Amino acid sequence: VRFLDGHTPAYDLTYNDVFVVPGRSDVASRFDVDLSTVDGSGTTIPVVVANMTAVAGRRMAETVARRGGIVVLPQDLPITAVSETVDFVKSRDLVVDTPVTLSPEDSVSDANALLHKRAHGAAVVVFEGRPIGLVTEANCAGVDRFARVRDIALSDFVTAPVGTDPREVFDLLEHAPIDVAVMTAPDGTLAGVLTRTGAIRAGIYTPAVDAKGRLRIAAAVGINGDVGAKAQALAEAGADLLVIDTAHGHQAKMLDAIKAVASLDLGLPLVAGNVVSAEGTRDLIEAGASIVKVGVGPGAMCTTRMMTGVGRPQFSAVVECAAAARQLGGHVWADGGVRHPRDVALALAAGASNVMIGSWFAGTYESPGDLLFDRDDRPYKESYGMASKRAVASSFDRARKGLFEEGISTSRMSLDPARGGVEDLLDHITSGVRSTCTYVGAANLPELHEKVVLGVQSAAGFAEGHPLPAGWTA
Amino acid sequence: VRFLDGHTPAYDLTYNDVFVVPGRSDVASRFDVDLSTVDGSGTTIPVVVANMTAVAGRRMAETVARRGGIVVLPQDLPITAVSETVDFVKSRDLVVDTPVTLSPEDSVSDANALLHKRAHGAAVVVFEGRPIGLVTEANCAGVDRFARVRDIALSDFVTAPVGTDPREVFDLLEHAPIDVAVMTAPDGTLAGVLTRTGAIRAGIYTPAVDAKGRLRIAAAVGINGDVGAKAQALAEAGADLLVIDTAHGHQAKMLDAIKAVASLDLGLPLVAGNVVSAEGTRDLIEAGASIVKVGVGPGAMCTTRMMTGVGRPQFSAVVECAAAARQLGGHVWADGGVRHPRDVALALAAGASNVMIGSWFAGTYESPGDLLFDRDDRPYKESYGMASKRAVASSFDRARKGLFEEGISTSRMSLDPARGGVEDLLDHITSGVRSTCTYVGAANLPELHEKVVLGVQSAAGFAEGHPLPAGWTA
Amino acid sequence: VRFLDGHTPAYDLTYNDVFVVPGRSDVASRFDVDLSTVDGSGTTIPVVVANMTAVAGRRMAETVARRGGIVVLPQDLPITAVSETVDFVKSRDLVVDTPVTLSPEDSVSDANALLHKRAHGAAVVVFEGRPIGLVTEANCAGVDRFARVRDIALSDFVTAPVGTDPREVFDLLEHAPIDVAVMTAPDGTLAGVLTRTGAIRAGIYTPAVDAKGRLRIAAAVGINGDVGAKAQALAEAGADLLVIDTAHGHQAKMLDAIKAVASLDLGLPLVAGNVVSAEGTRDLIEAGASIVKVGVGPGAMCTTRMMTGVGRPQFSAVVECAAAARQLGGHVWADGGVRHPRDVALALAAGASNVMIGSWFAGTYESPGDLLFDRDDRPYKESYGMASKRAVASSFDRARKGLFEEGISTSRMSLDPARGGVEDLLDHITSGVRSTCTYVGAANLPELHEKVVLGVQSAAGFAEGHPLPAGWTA
Amino acid sequence: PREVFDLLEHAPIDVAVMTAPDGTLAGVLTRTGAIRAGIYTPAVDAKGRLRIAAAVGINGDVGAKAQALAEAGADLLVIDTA
Ligand SMILES: Nc1ncnc2c1ncn2[C@@H]1O[C@H](COP(=O)(O)OP(=O)(O)OP(=O)(O)O)[C@@H](O)[C@H]1O
Ligand SMILES: Nc1ncnc2c1ncn2[C@@H]1O[C@H](COP(=O)(O)OP(=O)(O)OP(=O)(O)O)[C@@H](O)[C@H]1O
Ligand SMILES: Nc1ncnc2c1ncn2[C@@H]1O[C@H](COP(=O)(O)OP(=O)(O)OP(=O)(O)O)[C@@H](O)[C@H]1O
Ligand SMILES: Nc1nc2c(ncn2[C@@H]2O[C@H](COP(=O)(O)O)[C@@H](O)[C@H]2O)c(=O)[nH]1
Ligand SMILES: Nc1nc2c(ncn2[C@@H]2O[C@H](COP(=O)(O)O)[C@@H](O)[C@H]2O)c(=O)[nH]1
Ligand SMILES: Nc1nc2c(ncn2[C@@H]2O[C@H](COP(=O)(O)O)[C@@H](O)[C@H]2O)c(=O)[nH]1
């Protein structure tokens with residue numbers, strides 16, 4: 001990392017304190033930039049979804065994996081649920097998305113409540129596996145909310161065989177009143193749905209797949225209990241990457257867990273965290289970890305700074321740990337504190353190979369939480385922290401241990417009133433990163449790290465320019 | 001105190017300007033940390049209650065002393081009141097708490113007004129020294145407010161002999177409709193009450209006791225008048241520690257008072273303040289003081305900064321005075337400016353041996369003030385400063401001196417709507433300090449001071465993370 | 001009652017629907033009007049305080065009785081409390097008022113909380129029965145709230161022997177900084193206090209006294225249980241008038257209770273209610289009642305109209321019952337619905353001999369409730385209904401009976417920010433009644449009833465003129 | 001119900017789980033539920049089962065719909081229109 005001449009502050013820096021200076025560039029178009037990562041995770045975009053119960057669902061897993069990202073399943077998830085989620089994710093199609101399925105005997109209220117599980121805007125009515133109609137938000141309005149969806153479903157919709165080129169589907173949907181194309185299997189059953197923006201993204205994004213050509217997925221494990229057995233079970237379940245997560249990664253228990261997991265020779269990339277120092281990164285890498293997760297404090301659901309005073313600004317910790325890992329040949333992930341695409345761009349320019357996003361993705365349709373409405377009826381969801389699931393651990397002892405346990409924080413994440421979907425957030429993030437690469441003059445992320453020039457700004461410098469629209473920021 | 005490389009600001013630092021960097025740790029559990037102090041005060045927790053008339057009552061004294069802290073009685077308190085308070089505090093039980101006692105002829109309104117003097121949630125009806133029923137807030141609702149409590153008291157409650165193991169009381173209260181166990185003396189009179197959380201805290205906390213096994217208590221004295229006689233009277237009254245308090249401790253009058261008190265050889269630890277410089281600390285220690293109180297300006301009720309410009313940020317003053325006192329073999333207390341547990345953690349990491357908390361504890365049930373309700377009916381109390389009681393001092397001369405006297409400031413401290421009690425604040429503070437010790441890797445406070453690494457952050461760094469719930473901050 | 005020509009509405013009328021037409025008058029001054037009643041109650045003003053626990057205290061009893069009114073003690077009050085209240089009321093002085101007494105060891109907060117029990121604005125510090133100083137609201141401001149009142153009491157105050165002519169006390173207080181004159185007994189003990197307005201009222205108002213020259217007081221009894229024994233006990237306790245009160249007075253149980261009470265020949269006036277019909281009034285009078293209480297529904301704490309639909313506008317019920325009672329030689333009291341002095345004036349013009357006022361007097365200093373402050377810090381108190389105490393009546397049967405029992409309503413009554421006292425409300429009411437008498441041309445209440453001419457107005461008619469200041473209306 | 005009320009008098013949760021003789025779940029009863037069972041009388045048919053009514057419009061074949069509703073077990077028929 002190269003800083004401007006004389007920019008040597010006497011304090012640690014956050015994302016708001018730094019800026020990127022443009023350089024001489026030959027990359028003109030954003031599409032000339034390669035966003036693939038080199039840390040062995042297999043993602044084609046630098047976006048990773050945090051192992052939080054409020055974001056890491058199966059719908060989010062499928063949606064993020066199709067666009068090139070990866071989702072880490074939260075720790076302490078039962079192995080049966082892990083197996084079911086992995087099977088569902090790996091049974092999905094690489095291009096066609098899974099729609100919301102409704103029965104003709106469902107009520108209008110149930111249809112309107114299930115319509116918001118995806119970002120397609122419409123659901124397919126299925127009778128014996130075959131599509132027979134579409135249900136939209138407009139059709140549910142102005143009717144009895146306990147009427148059957150059979151009386152409101154429209155029987156005319158665009159249909160194409162599965163495997164059709166996305167441009168043909170786009171041309172077919174160019175003149176359709178509903179921007180949903182129902183793709184069917186050769187026998188006639190429902191294969192899925194494809195929208196116009198879905199076709200555009202299928203032409204823009206590359207899915208993150210394994211050796212067998214199926215969508216990738218990761219799983220997280222804690223350091224309590226028998227870490228080796230849990231890691232072996234998760235590897236057998238089909239996880240493509242293992243994360244050993246704890247609040248304070250620089251301790252003997254985490255080193256023992258890393259050694260125990262590495263001694264099994266599972267053949268999967270190993271991620272450990274979290275540390276904010278170079279010594280902790282070196283210890284984690286020497287223990288056997290391939291990737292080090294960096295960040296203690298900047299989590300949006302984290303109250304460690306206010307309760308203990310322990311923490312560190314994320315930018316300085318990321319640059320230090322990235323320098324240490326590069327000196328040891330490892331890689332670092334930047335976890336926590338991401339609100340804008342500029343945060344992802346600065347984390348990538350700081351030397352990180354991947355950025356992990358948590359509560360920001362909670363305000364989407366694909367997140368497992370329930371959709372709620374505030375005073376102004378603006379859509380929002382609720383994000384909450386993992387709390388004691390990230391900590392080291394009769395009814396008397398349970399109460400005694402819980403008296404000092406970290407509480408579960410809670411925040412409201414507003415959905416974008418115009419888009420709402422997580423793929424739009426991915427579009428914003430990737431557009432910002434590509435524009436950063438074009439401004440710096442880099443064709444890929446390593447060149448972005450090697451060519452970037454950074455400077456320090458005051459509080460008045462951060463207020464320059466125009467803010468982002470609502471829903472584009474956490 | 002060790003700072004990060006290059007973190008040498010050109011200004012003095014407050015608690016908001018600094019953070020603690022995690023290090024390699026072997027302490028995994030919070031309960032493995034020893035929070036006892038080494039300054040000779042006798043406290044098992046680093047919390048000290050300020051000598052303010054708005055906080056330092058007898059209920060607060062008992063409650064804090066039972067949990068390992070100590071309360072300093074405010075100066076200029078009449079010696080008879082001092083003796084009564086000391087006798088009441090030293091006559092209390094080490095495990096069982098003192099309940100609110102009601103007569104069966106009392107009105108419902110009086111019972112509902114007395115219910116908020118403790119944090120038990122219920123009061124005991126006493127007839128000739130024997131408990132006959134319990135009164136709760138639910139029973140007082142929906143009835144005539146001038147009806148007798150005999151008509152609303154419930155006659156069925158859990159009863160156990162005094163001296164019973166707290167776990168047995170917890171098991172008995174596991175299935176009780178009211179979480180209050182009435183502990184009685186062998187003859188049958190009322191010994192006190194014990195709750196489930198009370199048993200948990202009795203199993204977690206260690207009472208601060210003297211050589212005779214009775215709860216400790218301290219007293220404060222000013223530098224006006226005959227300081228020696230007042231100190232001797234306070235020592236004879238039963239005070240376990242003496243505090244010589246004034247607004248400007250670095251002056252000749254304070255040195256004379258310290259010498260006069262030390263010449264009596266009372267055998268008690270001597271605390272003097274306040275100073276914010278190393279030279280003042282050295283002068284106070286050489287004068288005869290064993291502990292030096294540090295802080296001029298950060299008091300929540302103090303208007304010195306706005307009236308005179310005299311003051312100093314608390315963190316830098318604390319580190320400097322702690323270094324000076326350690327170089328002279330003394331100890332320092334950090335007085336004023338504490339709003340969050342992180343403030344206590346940073347004060348302990350700065351080199352202080354004890355933290356004195358004032359207005360924050362005013363927003364509790366145990367404080368001597370009256371409970372009030374704001375617009376939203378949220379509970380709160382009123383905190384105010386000592387004013388001329390901390391300063392050096394016919395109707396014409398009284399008015400002449402009072403024309404320039406410092407006024408009494410006033411603020412509203414909101415109670416935690418879910419807890420309200422001071423023991424919950426103590427739980428939060430101790431949990432934060434233990435988590436800080438685990439993050440640093442220290443088994444006790446001296447190791448916390450010796451192993452801590454600190455860094456400087458900007459205003460954007462302090463905004464990282466999630467804020468604390470309501471009532472957890474001053 | 002004579003109405004204007006053609007004013008024969010097809011509905012029942014409230015106080016807001018009627019107005020008084022002025023006639024030829026010879027009474028010019030308000031002081032020429034005689035406000036004494038002729039119903040045998042003994043009141044020199046037509047104001048009676050309702051038998052409600054929120055208004056009928058001993059302070060209110062003394063204050064109202066001194067000015068010519070009477071207070072009815074609430075039913076179900078224990079006989080010991082009745083005896084104590086009667087003794088306190090009958091031990092008072094006819095001119096000098098009872099002050100708030102403070103000990104020199106009391107705190108400033110206790111003094112400031114006790115200052116609002118009376119309307120004098122100051123309290124007397126008493127040491128061994130002798131006054132030694134005065135404490136006012138101004139002295140309590142700007143000092144430590146836990147300081148003793150000895151340090152704030154002023155030792156210079158106007159003192160006069162008891163029995164002094166009120167005009168001399170007024171002349172002495174003409175030049176006093178504090179408008180409180182401490183009247184002392186010949187031995188030197190505290191006899192009481194007298195203000196300037198107190199002397200004016202002693203020169204204007206005539207106390208309501210019994211045959212022995214002591215302040216009068218009444219008591220109320222329900223129709224449940226042994227009514228005869230309770231009435232005998234209340235008569236022996238010293239009550240000057242008995243009220244048999246129930247929600248529905250026109251029923252067999254009330255008639256039986258009236259007969260049982262009348263068979264004892266106690267020699268006291270008997271009041272029964274409530275009825276809103278002429279037949280009920282005739283039945284109550286024939287049963288043995290001398291005075292009939294009229295009103296079912298208009299009570300400010302009464303929810304009968306909204307729960308059952310049972311009720312009647314108060315003006316029509318009062319005129320009908322007054323006509324019936326006059327035809328039988330009895331008298332009627334108008335109970336409930338009084339918010340303005342015009343309501344009292346119209347009730348007296350409607351034929352009633354006394355007006356019973358409830359919740360309106362709850363917003364005074366003398367009421368037994370505690371003084372509270374709203375958002376704007378405006379003083380107010382809480383009024384509530386008697387509920388089941390006005391109705392006919394194991395833990396299973398108690399719950400079964402309480403499931404259908406009437407709940408306790410609650411309202412906020414704002415105090416007059418400039419006066420606050422109940423004597424000011426009495427002044428407003430008496431001034432309004434005297435002005436009504438002067439407008440009609442009557443020298444007394446019977447002439448007011450015989451000479452009054454009434455008319456009916458629409459909703460627009462009631463909106464004419466200027467509203468009353470804050471605190472002058474319920 | 002009075003026995004259930006006495007049992008729930010000292011329970012931390014005011015819900016009594018009533019079970020069938022075999023041990024399966026029959027239902028729940030609260031204190032206020034027992035009070036109401038002692039106060040209110042259930043509306044039952046000739047067989048001692050809870051009553052229920054049904055409504056029918058005036059469009060279509062009203063007779064057939066009414067006959068079907070009567071066969072379904074409705075205890076009272078409502079012919080409703082604006
Ligand atoms: N057995 C389980 N135990 C604990 N948490 C679970 C379990 N199964 C799922 N979860 C959690 O519940 C959340 C919802 O996950 P997921 O979306 O797979 O559930 P679902 O309700 O089956 O899905 P959908 O929203 O499509 O109906 C996730 O945070 C997941 O980790
Ligand atoms: N004689 C006194 N002179 C001045 N201040 C006093 C005196 N006695 C007590 N105080 C102060 O009054 C406050 C209340 O103290 P404390 O709680 O002991 O009083 P209390 O009213 O007897 O107690 P409780 O609240 O349990 O009824 C404290 O700030 C104390 O310093
Ligand atoms: N033993 C009792 N049982 C029930 N109610 C009572 C009893 N004693 C008093 N009350 C009620 O309590 C209220 C206050 O009575 P009290 O005589 O104290 O009046 P007060 O004027 O407020 O006097 P104080 O100077 O004591 O404040 C009244 O409504 C009265 O009926
Ligand atoms: N200390 C703490 N960290 C949390 C909690 N929940 C999530 N985190 C951290 O915060 C990250 C998410 O950051 P975010 O994107 O929400 O700001 C997670 O990946 C995890 O590292 C919690 O309850 N406590
Ligand atoms: N100058 C000044 N300091 C005060 C006053 N009241 C309390 N203090 C100081 O502030 C400390 C309490 O700090 P707090 O916890 O209220 O912020 C006390 O221990 C004392 O040192 C006051 O009126 N004036
Ligand atoms: N039904 C009913 N009447 C009440 C209640 N409390 C007071 N009252 C009636 O209302 C009268 C007071 O009228 P107010 O002056 O409050 O409008 C009382 O004298 C009594 O007759 C109550 O709870 N229920």
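Values below: every heavy atom of this structure, side chains too, minus hydrogens, waters and symmetry copies. Every chain is numbered from 1, with letters handed out A, B, ... down the list of sequences.
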Distance check, rounded to the nearest 0.5 Å: [X] atom [atom1] versus [Y] atom [atom2]?
X	Y	atom1	atom2	answer
B/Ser36	B/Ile45	OG	CD1	10.0 Å
B/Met60	B/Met52	CE	CE	11.0 Å
B/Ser388	B/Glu406	OG	CD	8.0 Å
C/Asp144	B/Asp76	CG	CG	10.0 Å
B/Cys437	B/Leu448	SG	CG	4.5 Å
B/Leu35	B/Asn444	CG	CG	9.5 Å

Considering non-hydrogen atoms only, spot the tightest contact between [X] and [Y] and give its length.
X	Y	value
B/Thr438	B/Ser25	O-OG, 2.8 Å
B/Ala50	B/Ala56	O-CB, 3.8 Å
B/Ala470	B/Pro417	O-CD, 4.1 Å
A/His250	A/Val275	N-CG1, 3.9 Å
B/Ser435	B/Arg30	CB-NH1, 3.3 Å
B/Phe361	B/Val49	CD1-CG2, 3.8 Å

Given 3.5 Å as the limit, does a donor-acceptor pair link the side chain of [X] with the main chain of [Y], or not?
X	Y	value
B/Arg59	B/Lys117	yes
B/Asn274	B/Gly295	yes
B/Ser367	B/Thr364	yes
B/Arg434	B/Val33	yes

Please list, one pair per line, the donor and acceptor atoms closer than 3.5 Å that link side chains of residues 300-320 of chain B to other protein atoms, with sequence neighbours excluded.
| from | atom 1 | to | atom 2 | distance (Å) |
| --- | --- | --- | --- | --- |
| B/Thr308 | OG1 | B/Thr304 | O | 2.8 |
| B/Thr308 | OG1 | B/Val310 | N | 3.0 |
| B/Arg312 | NE | B/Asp12 | OD2 | 3.0 |
| B/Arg312 | NH1 | B/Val276 | O | 2.6 |
| B/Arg312 | NH1 | B/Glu320 | OE1 | 3.4 |
| B/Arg312 | NH2 | B/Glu320 | OE1 | 2.8 |
| B/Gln314 | NE2 | B/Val294 | O | 3.2 |
| B/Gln314 | NE2 | B/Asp335 | O | 3.1 |
| B/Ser316 | OG | B/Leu13 | N | 3.1 |
| B/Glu320 | OE2 | B/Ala278 | N | 3.1 |

Counting only heavy atoms from other residues, nucleotides and ligands, does the tally under 6.0 Å from [atom1] of [X] exceed 12?
X	atom1	result
A/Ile408	CD1	no
A/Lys401	NZ	no
B/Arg419	CZ	no

Handout entry: Between B/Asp39 and B/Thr37, a side-chain donor and acceptor under 3.5 Å
Key = yes
Practice task
Report yes or no: do B/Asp17 and B/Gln457 form a side-chain donor-acceptor pair below 3.5 Å?
Solution key: no
Please tell me if the side chains of [X] and [Y] come closer than 4.5 Å, counting only heavy atoms from C-beta onward.
X	Y	value
B/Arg118	B/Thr63	yes
B/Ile217	B/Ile70	no
B/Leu454	B/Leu346	yes
B/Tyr384	B/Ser409	no
C/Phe146	B/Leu77	no
B/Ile429	B/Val355	no
B/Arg390	B/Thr246	no
B/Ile285	B/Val292	yes

Handout entry: Row check, A/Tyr15 ring normal vs A/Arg339 NZ/CZ: under 6.0 Å, within 45°
Key = no
Practice task
Please test B/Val456 against B/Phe3 for side chain to side chain contact (heavy atoms under 4.5 Å, CB included), starting from the C-alpha separation and ending with a verdict.
Solution key: CA-CA 8 Å; B/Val456 183; B/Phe3 268 99; 4.0 Å; yes
Problem - Ring center gap for B/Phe462 and B/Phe19 short of 6.0 angstrom - result: no
Exercise for the section: For B/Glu62 and B/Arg66, run salt bridge (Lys or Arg N to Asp or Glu O under 4.0 Å): C-alpha distance rounded to whole Å, both residues' side-chain angles, the deciding distance at 0.1 Å, then the answer. Expected result: CA-CA 6 Å; B/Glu62 162 188 24; B/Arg66 185 174 292 111; 2.7 Å; yes
Exercise for the section: Dump the intermediate steps for side chain to side chain contact (heavy atoms under 4.5 Å, CB included) on B/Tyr365 and B/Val422, then the final yes or no. Expected result: CA-CA 7 Å; B/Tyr365 289 130; B/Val422 73; over 6 Å; no
Handout entry: salt bridge (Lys or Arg N to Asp or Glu O under 4.0 Å) between B/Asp427 and B/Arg67, intermediate numbers included
Key = CA-CA 10 Å; B/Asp427 290 340; B/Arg67 297 310 173 204; over 6 Å; no
Practice task
Apply the side chain to side chain donor-acceptor pair (under 3.5 Å) test between B/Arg201 and each candidate in B/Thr195, B/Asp97, B/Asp424; give the one that qualifies.
Solution key: B/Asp424
Exercise for the section: Apply side chain to side chain donor-acceptor pair (under 3.5 Å) to B/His466 and A/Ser411, showing your working. Expected result: CA-CA 9 Å; B/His466 198 282; A/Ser411 301; 3.1 Å; yes
Fill in the blank from the handout: salt bridge (charged side-chain N to carboxylate O under 4.0 Å, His left out) pairs touching residues 374-384 of chain B, sequence neighbours excluded, are B/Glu382-C/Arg145
Practice task
Using a strict 4.0 Å threshold on nitrogen-to-oxygen distance, state whether B/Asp245 and B/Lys389 make a salt bridge.
Solution key: no
Handout entry: side chain to side chain contact (heavy atoms under 4.5 Å, CB included) assessment of B/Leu284 paired with B/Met254
Key = CA-CA 8 Å; B/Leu284 291 203; B/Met254 168 59 82; 4.0 Å; yes
Practice task
Walk me through it: do B/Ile291 and B/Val332 pass the test side chain to side chain contact (heavy atoms under 4.5 Å, CB included)?
Solution key: CA-CA 5 Å; B/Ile291 301 160; B/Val332 298; 5.9 Å; no
